[PDB]
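Take a look at the structure set out below.
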Amino acid sequence: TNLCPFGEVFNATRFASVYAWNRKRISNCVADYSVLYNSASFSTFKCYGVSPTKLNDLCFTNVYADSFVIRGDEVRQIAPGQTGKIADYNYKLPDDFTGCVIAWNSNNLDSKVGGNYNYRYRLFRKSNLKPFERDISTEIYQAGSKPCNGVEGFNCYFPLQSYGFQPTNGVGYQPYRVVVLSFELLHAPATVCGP
Amino acid sequence: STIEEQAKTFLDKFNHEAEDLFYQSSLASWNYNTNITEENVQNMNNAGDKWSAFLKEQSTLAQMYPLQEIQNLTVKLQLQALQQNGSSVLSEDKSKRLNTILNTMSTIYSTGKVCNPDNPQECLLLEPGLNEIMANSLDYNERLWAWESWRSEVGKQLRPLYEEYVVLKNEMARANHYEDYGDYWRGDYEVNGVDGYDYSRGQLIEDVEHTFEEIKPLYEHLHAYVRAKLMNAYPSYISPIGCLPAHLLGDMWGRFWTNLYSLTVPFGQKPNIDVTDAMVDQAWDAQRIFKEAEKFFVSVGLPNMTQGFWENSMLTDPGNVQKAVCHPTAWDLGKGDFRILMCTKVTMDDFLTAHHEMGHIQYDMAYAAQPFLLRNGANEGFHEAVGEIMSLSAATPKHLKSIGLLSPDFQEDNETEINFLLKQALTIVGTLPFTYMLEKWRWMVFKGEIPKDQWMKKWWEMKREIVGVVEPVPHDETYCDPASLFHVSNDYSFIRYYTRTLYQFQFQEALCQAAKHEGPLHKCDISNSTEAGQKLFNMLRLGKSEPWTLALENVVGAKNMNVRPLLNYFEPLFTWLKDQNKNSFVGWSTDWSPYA
Ligand SMILES: *[C@@H]1O[C@H](CO)[C@@H](O[C@@H]2O[C@H](CO)[C@@H](O)[C@H](O)[C@H]2NC(C)=O)[C@H](O)[C@H]1NC(C)=O
Ligand SMILES: *[C@@H]1O[C@H](CO[C@H]2O[C@@H](C)[C@@H](O)[C@@H](O)[C@@H]2O)[C@@H](O)[C@H](O)[C@H]1NC(C)=O
Ligand SMILES: *[C@@H]1O[C@H](CO)[C@@H](O)[C@H](O)[C@H]1NC(C)=O
Ligand SMILES: *[C@@H]1O[C@H](CO)[C@@H](O)[C@H](O)[C@H]1NC(C)=O
Ligand SMILES: *[C@@H]1O[C@H](CO)[C@@H](O)[C@H](O)[C@H]1NC(C)=O
Ligand SMILES: *[C@@H]1O[C@H](CO)[C@@H](O)[C@H](O)[C@H]1NC(C)=O
Ligand SMILES: [Zn+2]
């Protein structure tokens, strides 16, 4: 009867910037997956492989909960085999992803008149992200061929740019909070069942 | 590691930083326009100054990527749009003088006042007094006063300034590797590097002229019909074979002949279609107006307004303490924010305007997915052409009947059909010669083809020959009457009004063909016609990403400007005019002048 602490992920006061996406490992508890999908609070709830349709029946070794904030137009990049700035430079799901993607509008919270510039993203990177990789580097990107010496200038750009979230922006430019649930199945006790 | 790839990356950083900085300016400048305060006058300026200084900072960096080495055409467009030296190509001392002259001229026009003879106390500005006299009064001697005094006390101040304005503007354009300042202005229509869709800067003059030649028969008849009807109204003053006296044309500058309708109405007893009384009878408010406009666009397959539109637009005057600039304007703030500022009343003229302004919104939404430097109409005339074709459809009797504002017992007879087309001809056709001639005078002045000691002599030679308009009083070279108009002394290219006019009927005809309209183009409604909507939309999304010729071709199937649609639009008035002037002289004689 030890419930799984989904409240700490979904109702957290502040979320992470997508480049430094936050991972919470869930273990040894009971998760009622039918409460979330049947709460009608989320604008996006697509599951890949597993079925959100009461497949809480199944047991899993470890459930991971990744949480970050992006803009509404970018939620489509949180999906297998999708390209873009987020999916190539911030948060890459694998091609055989078995889990769910959840997201909801956060304009009420993460939008401030004048602009909330606390959420960021990676705009430049030498190569794409391996699945579930996390890069929090602040090394100056060298676009040309002359070393930047750690300061931006011509063809030398600071690789992180700030989401400017305002309440009057369009839906696609509005902030959205995203929670990705990874279901891991190893040769192990399988402590997360949640009938 | 190519120079192109670097610029792609360079441009990539620019776009994301630019959108936010533009928003801060747009939102603040939206506050002053909605809520005039000395506080926001200063807030508007602070955001615009940071955005003006960011673009000057980015323009400099962009030139480090030389266009010659860029091959991706969509990279080169954005790069080139940001590599505009502008007035900066000039010495600071000169670029500081040109800005002084420009501001001096803008101050003289907008503050220029004319006072009564024999009563220095009594004075009249262009607005509201002088414009009233020219546009509504009916006294030759009175009108001559307002027409002449405006050009004598405001034009003469502008004459030495306009001469120095021509020197510096030509220096800035030659340094920017253009022939003269006119060639610079013609650059908005230039297209390079696209096989089969290029366009030369000079080709505009050609295609402007080659299409004006086809208007002359329709204008010549409209002119001889207006001259015939003016001759009944001032008999001792007008020649039946001469040009029309300038002051008698309904504007101080004789641009639009619209206000002459009262005198030229074909069938005076039959009234015009005014659904204003019907709107008040059904208790329509401003929100019902814009709601019906939304429903119109949706009926052709276009999206409804964003929620941010309904929440953030100002569609009714707050009034009272909160003053606001009430000129109907469509805002594209970016980041998805689309707004219309409009102090809407419940009239027919503001019902159409609500469609017209929302037309801009649709164009702004359609190309918003394009890059930031490519979110604009194909050329300077495309955006205003899209807006116009909306109030073409929205005002037809067929459309007004379908929304319950025009009684089902009203039926178009051939007489009300002519009255309307004349009003349209007085405004649409009337301005085209004035517009082509005014820009041709300037194109030549900048070109050097007209010397300083013949500016006014060559101005009124072309008014007589091209426009059929003769000055009531002889004018020296102390005058600078082309500068008595806002657009010339405020440094605005004027050919757009010509090009945009030919554009909107090409548009209208192509779309109404998709609607399979049967009959004259005069009474077409593109409502309930998704095929028309898709064809228009195929061009809307392009923005500036594709050359304006390929943009036009997406709607109409031709790569260039043609006046035939405009003529087709007016053909029933053209043949009615050709049956009203049988025993009247169609043409003008250059020499006749009312000033002996
Ligand atoms: C010029 O560069 C742009 C860079 O955006 C190219 O457009 C992109 O093409 C890729 C191809 O996979 C698409 O995935 C992107 O969605 C495109 N982005 C945009 C903004 O359209 C464009 O095709 C290039 N054109 C040429 C001829 O080089
Ligand atoms: C997030 O909070 C939602 C609000 O319901 C109550 O939850 C309490 C814990 C407290 O926050 C009260 O103030 C709220 O009124 C709740 O319905 C959701 O279920 C919560 N999220 C999850 C994942 O359970
Ligand atoms: C208008 O501006 C004044 C001064 O900044 C401000 O106090 C007022 O709240 C504004 N009005 C609106 C639109 O709320
Ligand atoms: C003027 O523009 C050209 C072409 O973009 C450029 O080569 C030149 O450096 C510019 N000059 C200045 C000083 O802006
Ligand atoms: C606009 O259309 C969408 C569906 O396409 C709908 O959700 C929205 O409520 C509509 N708005 C209005 C005012 O009809
Ligand atoms: C479009 O079709 C609808 C539904 O058939 C009809 O009610 C409406 O009146 C039509 N629009 C016009 C312009 O009449
Ligand atoms: Zn407009």
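Ordering of the structure tokens sets the chain letters (A, B, ...), residue numbers begin anew at 1 in every chain, and ligands are numbered from 1 in the order given.
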| field | Interface, chain B side, toward chain A (9 Å; only C-alpha atoms) as a PyMOL selection string | value | chain B and resi 1-3+5-7+9-10+12-13+16-17+20+24+61+306-308+311-312+333-338
Let's have the selection written as a PDB file, in the first residue's frame, with N, CA and C atoms.
```
ATOM      1  N   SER B   1      31.870  23.417 -42.920  1.00  0.00           N
ATOM      2  CA  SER B   1      32.563  24.631 -42.508  1.00  0.00           C
ATOM      3  C   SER B   1      32.473  25.713 -43.580  1.00  0.00           C
ATOM      4  N   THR B   2      31.558  25.536 -44.531  1.00  0.00           N
ATOM      5  CA  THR B   2      31.396  26.511 -45.597  1.00  0.00           C
ATOM      6  C   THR B   2      30.908  27.841 -45.032  1.00  0.00           C
ATOM      7  N   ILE B   3      31.154  28.909 -45.794  1.00  0.00           N
ATOM      8  CA  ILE B   3      30.680  30.229 -45.390  1.00  0.00           C
ATOM      9  C   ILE B   3      29.158  30.256 -45.340  1.00  0.00           C
ATOM     10  N   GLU B   5      27.161  27.593 -44.509  1.00  0.00           N
ATOM     11  CA  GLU B   5      26.790  26.917 -43.268  1.00  0.00           C
ATOM     12  C   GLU B   5      26.974  27.825 -42.061  1.00  0.00           C
ATOM     13  N   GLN B   6      28.097  28.548 -42.008  1.00  0.00           N
ATOM     14  CA  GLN B   6      28.303  29.528 -40.946  1.00  0.00           C
ATOM     15  C   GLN B   6      27.163  30.536 -40.897  1.00  0.00           C
ATOM     16  N   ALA B   7      26.740  31.032 -42.064  1.00  0.00           N
ATOM     17  CA  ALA B   7      25.670  32.023 -42.115  1.00  0.00           C
ATOM     18  C   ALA B   7      24.328  31.417 -41.725  1.00  0.00           C
ATOM     19  N   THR B   9      23.990  29.024 -39.524  1.00  0.00           N
ATOM     20  CA  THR B   9      24.121  29.060 -38.071  1.00  0.00           C
ATOM     21  C   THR B   9      23.980  30.482 -37.542  1.00  0.00           C
ATOM     22  N   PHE B  10      24.704  31.431 -38.145  1.00  0.00           N
ATOM     23  CA  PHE B  10      24.545  32.838 -37.786  1.00  0.00           C
ATOM     24  C   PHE B  10      23.080  33.248 -37.820  1.00  0.00           C
ATOM     25  N   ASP B  12      20.527  31.385 -37.720  1.00  0.00           N
ATOM     26  CA  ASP B  12      19.745  30.609 -36.764  1.00  0.00           C
ATOM     27  C   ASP B  12      19.717  31.291 -35.402  1.00  0.00           C
ATOM     28  N   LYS B  13      20.881  31.742 -34.930  1.00  0.00           N
ATOM     29  CA  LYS B  13      20.947  32.497 -33.683  1.00  0.00           C
ATOM     30  C   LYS B  13      20.149  33.792 -33.782  1.00  0.00           C
ATOM     31  N   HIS B  16      16.036  33.543 -33.330  1.00  0.00           N
ATOM     32  CA  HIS B  16      15.478  33.312 -32.001  1.00  0.00           C
ATOM     33  C   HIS B  16      15.611  34.546 -31.117  1.00  0.00           C
ATOM     34  N   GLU B  17      16.773  35.205 -31.140  1.00  0.00           N
ATOM     35  CA  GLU B  17      16.921  36.449 -30.391  1.00  0.00           C
ATOM     36  C   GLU B  17      16.041  37.560 -30.957  1.00  0.00           C
ATOM     37  N   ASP B  20      11.984  37.661 -29.800  1.00  0.00           N
ATOM     38  CA  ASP B  20      11.688  38.210 -28.480  1.00  0.00           C
ATOM     39  C   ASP B  20      11.840  39.727 -28.466  1.00  0.00           C
ATOM     40  N   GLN B  24       8.877  42.587 -27.562  1.00  0.00           N
ATOM     41  CA  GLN B  24       8.940  43.654 -26.567  1.00  0.00           C
ATOM     42  C   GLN B  24       8.619  45.010 -27.179  1.00  0.00           C
ATOM     43  N   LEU B  61      27.297  42.612 -38.534  1.00  0.00           N
ATOM     44  CA  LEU B  61      27.839  41.256 -38.505  1.00  0.00           C
ATOM     45  C   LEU B  61      27.465  40.463 -39.752  1.00  0.00           C
ATOM     46  N   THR B 306      -7.166  33.171 -33.590  1.00  0.00           N
ATOM     47  CA  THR B 306      -6.638  32.637 -32.344  1.00  0.00           C
ATOM     48  C   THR B 306      -7.394  33.231 -31.163  1.00  0.00           C
ATOM     49  N   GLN B 307      -7.408  32.490 -30.054  1.00  0.00           N
ATOM     50  CA  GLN B 307      -8.004  33.012 -28.829  1.00  0.00           C
ATOM     51  C   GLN B 307      -7.321  34.303 -28.397  1.00  0.00           C
ATOM     52  N   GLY B 308      -5.995  34.367 -28.540  1.00  0.00           N
ATOM     53  CA  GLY B 308      -5.279  35.591 -28.229  1.00  0.00           C
ATOM     54  C   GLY B 308      -5.758  36.783 -29.033  1.00  0.00           C
ATOM     55  N   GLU B 311      -8.918  37.964 -27.128  1.00  0.00           N
ATOM     56  CA  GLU B 311      -8.617  38.436 -25.783  1.00  0.00           C
ATOM     57  C   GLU B 311      -7.795  39.712 -25.763  1.00  0.00           C
ATOM     58  N   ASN B 312      -7.030  39.977 -26.818  1.00  0.00           N
ATOM     59  CA  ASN B 312      -6.017  41.015 -26.783  1.00  0.00           C
ATOM     60  C   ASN B 312      -6.221  42.108 -27.819  1.00  0.00           C
ATOM     61  N   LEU B 333       2.359  40.742 -33.896  1.00  0.00           N
ATOM     62  CA  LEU B 333       3.394  40.915 -32.886  1.00  0.00           C
ATOM     63  C   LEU B 333       4.425  39.797 -32.911  1.00  0.00           C
ATOM     64  N   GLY B 334       4.083  38.647 -33.482  1.00  0.00           N
ATOM     65  CA  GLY B 334       4.942  37.477 -33.455  1.00  0.00           C
ATOM     66  C   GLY B 334       4.626  36.575 -32.275  1.00  0.00           C
ATOM     67  N   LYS B 335       5.415  35.505 -32.163  1.00  0.00           N
ATOM     68  CA  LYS B 335       5.225  34.478 -31.137  1.00  0.00           C
ATOM     69  C   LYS B 335       3.780  33.970 -31.089  1.00  0.00           C
ATOM     70  N   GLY B 336       3.039  34.099 -32.192  1.00  0.00           N
ATOM     71  CA  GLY B 336       1.658  33.668 -32.267  1.00  0.00           C
ATOM     72  C   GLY B 336       0.620  34.725 -31.941  1.00  0.00           C
ATOM     73  N   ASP B 337       1.037  35.925 -31.550  1.00  0.00           N
ATOM     74  CA  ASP B 337       0.121  36.969 -31.104  1.00  0.00           C
ATOM     75  C   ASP B 337      -0.366  37.767 -32.309  1.00  0.00           C
ATOM     76  N   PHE B 338      -1.678  37.748 -32.546  1.00  0.00           N
ATOM     77  CA  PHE B 338      -2.296  38.487 -33.641  1.00  0.00           C
ATOM     78  C   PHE B 338      -3.444  39.321 -33.094  1.00  0.00           C
TER      79      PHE B 338
END
```
Write out as a short mmCIF file (atom, residue, chain, number, x, y, z; two decimals) with C-alpha atoms, in the first residue's frame each polymer residue (protein, DNA or RNA) that has an atom no more than 9 Å from ligand 2, with only C-alpha atoms and all ligand atoms counted.
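File out11.cif, as written:
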```
data_model
loop_
_atom_site.label_atom_id
_atom_site.label_comp_id
_atom_site.auth_asym_id
_atom_site.auth_seq_id
_atom_site.Cartn_x
_atom_site.Cartn_y
_atom_site.Cartn_z
CA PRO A 5 5.18 9.41 -5.55
CA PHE A 6 3.79 10.78 -8.80
CA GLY A 7 2.73 13.93 -6.97
CA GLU A 8 6.34 15.10 -6.66
CA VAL A 9 6.86 14.93 -10.43
CA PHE A 10 3.59 16.29 -11.82
CA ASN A 11 2.74 18.86 -9.13
CA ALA A 12 6.32 20.11 -8.59
CA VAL A 35 -5.75 7.81 -12.43
CA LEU A 36 -3.55 9.85 -14.78
CA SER A 39 -8.04 12.49 -15.26
#
```
| task | Identify, on the basis of only C-alpha atoms, every residue whose closest approach to residue 360 in chain B does not exceed 10 Å; exclude the query and any residue fewer than 4 positions from it along the same chain; express the result as a ChimeraX atom specification. | result | /B:329-332,340,355-356,364-366,377,383-388,390
| How would you write, as a VMD selection string, the set of residues in range 17-160 of chain A that DSSP gives as strand (DSSP E or B)? | chain A and resid 17 22 to 26 29 to 30 44 to 48 60 62 to 71 99 to 105 116 120 to 122 141 to 142 153 156 to 157 160
| request: Residues within 6 Å of ligand 6 should be enumerated using only C-alpha atoms and all ligand atoms and returned as a VMD selection string. | output: chain B and resid 399 402 527 to 528
| task | Within 9 Å of range 259-275 of chain B, counting only C-alpha atoms, which residues show up once you throw out same-chain ones fewer than 4 positions away? Write them as a ChimeraX atom specification, please. | result | /B:135-136,225-226,229-230,233,248-251,279-280,347-349,397,400,405-406,415-416,418-420,422-423,426-427
Can I get the selection written as an mmCIF file, in the first residue's frame, with C-alpha atoms?
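The file below, selection-v6.cif, is the result:
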```
data_model
loop_
_atom_site.group_PDB
_atom_site.id
_atom_site.type_symbol
_atom_site.label_atom_id
_atom_site.label_comp_id
_atom_site.auth_asym_id
_atom_site.auth_seq_id
_atom_site.Cartn_x
_atom_site.Cartn_y
_atom_site.Cartn_z
ATOM 1 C CA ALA B 135 -13.355 67.686 -50.890
ATOM 2 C CA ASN B 136 -16.834 69.153 -50.319
ATOM 3 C CA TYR B 225 -17.611 61.910 -68.560
ATOM 4 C CA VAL B 226 -16.402 63.639 -65.389
ATOM 5 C CA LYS B 229 -20.494 66.599 -65.611
ATOM 6 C CA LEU B 230 -18.190 69.208 -64.054
ATOM 7 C CA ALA B 233 -21.516 72.545 -62.399
ATOM 8 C CA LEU B 248 -11.951 70.905 -58.942
ATOM 9 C CA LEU B 249 -11.122 67.220 -58.450
ATOM 10 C CA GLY B 250 -12.204 66.521 -54.850
ATOM 11 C CA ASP B 251 -8.765 66.384 -53.177
ATOM 12 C CA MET B 279 -27.182 46.623 -38.640
ATOM 13 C CA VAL B 280 -28.514 48.990 -35.966
ATOM 14 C CA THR B 347 -21.729 51.138 -39.899
ATOM 15 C CA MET B 348 -21.293 49.476 -43.274
ATOM 16 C CA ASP B 349 -17.954 51.212 -43.882
ATOM 17 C CA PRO B 397 -25.467 42.399 -52.796
ATOM 18 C CA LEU B 400 -25.136 40.980 -47.822
ATOM 19 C CA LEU B 405 -28.486 42.435 -43.684
ATOM 20 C CA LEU B 406 -29.898 43.118 -47.169
ATOM 21 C CA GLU B 415 -28.893 51.369 -62.925
ATOM 22 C CA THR B 416 -27.624 50.801 -59.376
ATOM 23 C CA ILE B 418 -23.553 51.650 -62.808
ATOM 24 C CA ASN B 419 -23.734 54.023 -59.823
ATOM 25 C CA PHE B 420 -21.525 51.716 -57.777
ATOM 26 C CA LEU B 422 -18.581 54.814 -61.017
ATOM 27 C CA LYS B 423 -17.817 55.401 -57.330
ATOM 28 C CA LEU B 426 -13.577 57.509 -59.357
ATOM 29 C CA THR B 427 -11.427 55.981 -56.594
#
```
| Contacts with ligand 1 at most 10 Å, only C-alpha atoms and all ligand atoms counted, listed as number ranges by chain | A: 83-84; B: 4-5, 8-9, 12, 70-76, 369-371, 545
| request: Quick one: everything within 10 Å of range 90-97 of chain B, counting only C-alpha atoms, minus sequence neighbours fewer than 5 positions away in the same chain. Send it as a count of residues only. | output: 12
Env. residues ligand 5 / 10 Å / only C-alpha atoms and all ligand atoms / as an mmCIF file with N, CA, C and O atoms, in the first residue's frame:
```cif
data_model
loop_
_atom_site.group_PDB
_atom_site.id
_atom_site.type_symbol
_atom_site.label_atom_id
_atom_site.label_comp_id
_atom_site.auth_asym_id
_atom_site.auth_seq_id
_atom_site.Cartn_x
_atom_site.Cartn_y
_atom_site.Cartn_z
ATOM 1 N N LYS B 291 -17.077 38.773 -35.751
ATOM 2 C CA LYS B 291 -17.517 37.381 -35.806
ATOM 3 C C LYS B 291 -17.966 37.000 -37.210
ATOM 4 O O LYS B 291 -17.656 35.905 -37.694
ATOM 5 N N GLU B 294 -14.829 36.603 -39.356
ATOM 6 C CA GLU B 294 -14.256 35.286 -39.091
ATOM 7 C C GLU B 294 -15.000 34.198 -39.853
ATOM 8 O O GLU B 294 -14.388 33.330 -40.484
ATOM 9 N N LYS B 295 -16.333 34.240 -39.805
ATOM 10 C CA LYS B 295 -17.144 33.244 -40.494
ATOM 11 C C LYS B 295 -16.916 33.277 -42.001
ATOM 12 O O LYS B 295 -16.990 32.235 -42.662
ATOM 13 N N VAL B 298 -13.502 31.515 -42.676
ATOM 14 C CA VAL B 298 -13.683 30.096 -42.384
ATOM 15 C C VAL B 298 -14.473 29.413 -43.493
ATOM 16 O O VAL B 298 -14.230 28.242 -43.812
ATOM 17 N N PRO B 303 -8.335 29.343 -41.304
ATOM 18 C CA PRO B 303 -8.567 29.107 -39.872
ATOM 19 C C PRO B 303 -9.290 30.265 -39.201
ATOM 20 O O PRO B 303 -9.218 31.414 -39.646
ATOM 21 N N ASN B 304 -9.994 29.953 -38.110
ATOM 22 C CA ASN B 304 -10.587 31.021 -37.323
ATOM 23 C C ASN B 304 -9.514 31.710 -36.478
ATOM 24 O O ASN B 304 -8.384 31.231 -36.343
ATOM 25 N N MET B 305 -9.878 32.862 -35.923
ATOM 26 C CA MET B 305 -8.922 33.667 -35.177
ATOM 27 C C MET B 305 -8.421 32.912 -33.952
ATOM 28 O O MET B 305 -9.140 32.111 -33.349
ATOM 29 N N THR B 306 -7.166 33.171 -33.590
ATOM 30 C CA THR B 306 -6.638 32.637 -32.344
ATOM 31 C C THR B 306 -7.394 33.231 -31.163
ATOM 32 O O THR B 306 -7.971 34.318 -31.247
ATOM 33 N N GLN B 307 -7.408 32.490 -30.054
ATOM 34 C CA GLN B 307 -8.004 33.012 -28.829
ATOM 35 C C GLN B 307 -7.321 34.303 -28.397
ATOM 36 O O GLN B 307 -7.984 35.245 -27.945
ATOM 37 N N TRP B 310 -9.024 37.343 -29.831
ATOM 38 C CA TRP B 310 -10.242 37.816 -29.181
ATOM 39 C C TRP B 310 -9.969 38.417 -27.809
ATOM 40 O O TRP B 310 -10.717 39.293 -27.360
#
```
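The residue that comes closest to residue 98 in chain A, out of A:190, A:181, A:16, A:78 and on the basis of only C-alpha atoms, is A:181.
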| task | Could you give me the residues within 12 Å of ligand 3, counting only C-alpha atoms and all ligand atoms, as a PyMOL selection string? | result | chain B and resi 27-44+312-314+318-319+321-324
Would you export the selected residues with N, CA and C atoms as a PDB file, in the first residue's frame, please?
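Wrote it out as result.pdb, contents follow:
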```pdb
ATOM      1  N   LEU B  27       4.682  44.834 -28.315  1.00  0.00           N
ATOM      2  CA  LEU B  27       3.780  44.910 -27.169  1.00  0.00           C
ATOM      3  C   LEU B  27       3.765  46.310 -26.564  1.00  0.00           C
ATOM      4  N   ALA B  28       4.946  46.901 -26.360  1.00  0.00           N
ATOM      5  CA  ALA B  28       5.017  48.255 -25.815  1.00  0.00           C
ATOM      6  C   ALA B  28       4.395  49.266 -26.771  1.00  0.00           C
ATOM      7  N   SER B  29       4.803  49.234 -28.043  1.00  0.00           N
ATOM      8  CA  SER B  29       4.178  50.087 -29.049  1.00  0.00           C
ATOM      9  C   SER B  29       2.688  49.809 -29.184  1.00  0.00           C
ATOM     10  N   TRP B  30       2.238  48.612 -28.807  1.00  0.00           N
ATOM     11  CA  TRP B  30       0.807  48.355 -28.762  1.00  0.00           C
ATOM     12  C   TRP B  30       0.162  49.023 -27.554  1.00  0.00           C
ATOM     13  N   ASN B  31       0.919  49.215 -26.470  1.00  0.00           N
ATOM     14  CA  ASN B  31       0.373  49.889 -25.296  1.00  0.00           C
ATOM     15  C   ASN B  31       0.123  51.366 -25.572  1.00  0.00           C
ATOM     16  N   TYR B  32       1.116  52.065 -26.133  1.00  0.00           N
ATOM     17  CA  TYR B  32       0.920  53.476 -26.454  1.00  0.00           C
ATOM     18  C   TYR B  32      -0.260  53.669 -27.397  1.00  0.00           C
ATOM     19  N   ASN B  33      -0.412  52.775 -28.376  1.00  0.00           N
ATOM     20  CA  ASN B  33      -1.496  52.918 -29.340  1.00  0.00           C
ATOM     21  C   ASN B  33      -2.850  52.644 -28.703  1.00  0.00           C
ATOM     22  N   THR B  34      -2.886  51.819 -27.663  1.00  0.00           N
ATOM     23  CA  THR B  34      -4.144  51.508 -26.996  1.00  0.00           C
ATOM     24  C   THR B  34      -4.370  52.345 -25.756  1.00  0.00           C
ATOM     25  N   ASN B  35      -3.315  52.959 -25.233  1.00  0.00           N
ATOM     26  CA  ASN B  35      -3.382  53.620 -23.943  1.00  0.00           C
ATOM     27  C   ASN B  35      -2.380  54.764 -23.933  1.00  0.00           C
ATOM     28  N   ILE B  36      -2.731  55.879 -24.577  1.00  0.00           N
ATOM     29  CA  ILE B  36      -1.775  56.974 -24.731  1.00  0.00           C
ATOM     30  C   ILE B  36      -1.443  57.552 -23.362  1.00  0.00           C
ATOM     31  N   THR B  37      -0.166  57.489 -22.992  1.00  0.00           N
ATOM     32  CA  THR B  37       0.356  58.058 -21.760  1.00  0.00           C
ATOM     33  C   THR B  37       1.752  58.566 -22.066  1.00  0.00           C
ATOM     34  N   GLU B  38       2.163  59.671 -21.432  1.00  0.00           N
ATOM     35  CA  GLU B  38       3.565  60.059 -21.575  1.00  0.00           C
ATOM     36  C   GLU B  38       4.469  58.945 -21.087  1.00  0.00           C
ATOM     37  N   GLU B  39       3.982  58.133 -20.145  1.00  0.00           N
ATOM     38  CA  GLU B  39       4.761  56.993 -19.686  1.00  0.00           C
ATOM     39  C   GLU B  39       5.040  56.039 -20.837  1.00  0.00           C
ATOM     40  N   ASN B  40       3.997  55.676 -21.587  1.00  0.00           N
ATOM     41  CA  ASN B  40       4.176  54.696 -22.650  1.00  0.00           C
ATOM     42  C   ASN B  40       4.818  55.295 -23.895  1.00  0.00           C
ATOM     43  N   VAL B  41       4.630  56.593 -24.148  1.00  0.00           N
ATOM     44  CA  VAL B  41       5.403  57.240 -25.205  1.00  0.00           C
ATOM     45  C   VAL B  41       6.887  56.988 -24.986  1.00  0.00           C
ATOM     46  N   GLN B  42       7.318  57.007 -23.723  1.00  0.00           N
ATOM     47  CA  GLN B  42       8.707  56.718 -23.393  1.00  0.00           C
ATOM     48  C   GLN B  42       8.994  55.221 -23.383  1.00  0.00           C
ATOM     49  N   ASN B  43       8.020  54.396 -22.987  1.00  0.00           N
ATOM     50  CA  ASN B  43       8.218  52.951 -23.038  1.00  0.00           C
ATOM     51  C   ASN B  43       8.287  52.456 -24.476  1.00  0.00           C
ATOM     52  N   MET B  44       7.398  52.958 -25.336  1.00  0.00           N
ATOM     53  CA  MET B  44       7.438  52.611 -26.754  1.00  0.00           C
ATOM     54  C   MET B  44       8.798  52.935 -27.360  1.00  0.00           C
ATOM     55  N   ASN B 312      -7.030  39.977 -26.818  1.00  0.00           N
ATOM     56  CA  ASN B 312      -6.017  41.015 -26.783  1.00  0.00           C
ATOM     57  C   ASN B 312      -6.221  42.108 -27.819  1.00  0.00           C
ATOM     58  N   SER B 313      -7.146  41.940 -28.759  1.00  0.00           N
ATOM     59  CA  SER B 313      -7.465  43.004 -29.697  1.00  0.00           C
ATOM     60  C   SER B 313      -8.380  44.030 -29.043  1.00  0.00           C
ATOM     61  N   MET B 314      -8.319  45.260 -29.542  1.00  0.00           N
ATOM     62  CA  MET B 314      -9.193  46.338 -29.087  1.00  0.00           C
ATOM     63  C   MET B 314     -10.158  46.634 -30.228  1.00  0.00           C
ATOM     64  N   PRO B 318     -12.270  52.226 -25.985  1.00  0.00           N
ATOM     65  CA  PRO B 318     -12.462  52.407 -24.540  1.00  0.00           C
ATOM     66  C   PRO B 318     -13.079  53.752 -24.228  1.00  0.00           C
ATOM     67  N   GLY B 319     -12.678  54.780 -24.972  1.00  0.00           N
ATOM     68  CA  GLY B 319     -13.190  56.114 -24.800  1.00  0.00           C
ATOM     69  C   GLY B 319     -12.819  56.662 -23.436  1.00  0.00           C
ATOM     70  N   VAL B 321     -11.304  58.411 -20.466  1.00  0.00           N
ATOM     71  CA  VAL B 321      -9.956  58.894 -20.195  1.00  0.00           C
ATOM     72  C   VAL B 321      -8.945  58.221 -21.115  1.00  0.00           C
ATOM     73  N   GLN B 322      -9.115  56.922 -21.359  1.00  0.00           N
ATOM     74  CA  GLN B 322      -8.162  56.147 -22.145  1.00  0.00           C
ATOM     75  C   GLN B 322      -8.255  56.489 -23.625  1.00  0.00           C
ATOM     76  N   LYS B 323      -7.442  57.438 -24.078  1.00  0.00           N
ATOM     77  CA  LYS B 323      -7.404  57.756 -25.496  1.00  0.00           C
ATOM     78  C   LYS B 323      -6.660  56.658 -26.251  1.00  0.00           C
ATOM     79  N   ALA B 324      -6.849  56.629 -27.569  1.00  0.00           N
ATOM     80  CA  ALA B 324      -6.235  55.588 -28.382  1.00  0.00           C
ATOM     81  C   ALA B 324      -6.221  56.008 -29.845  1.00  0.00           C
TER      82      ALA B 324
END
```
| request: Let me have all residues with an atom within 7 Å of ligand 4, counting only C-alpha atoms and all ligand atoms, laid out as a ChimeraX atom specification. | output: /B:63,83-85,88-89,176
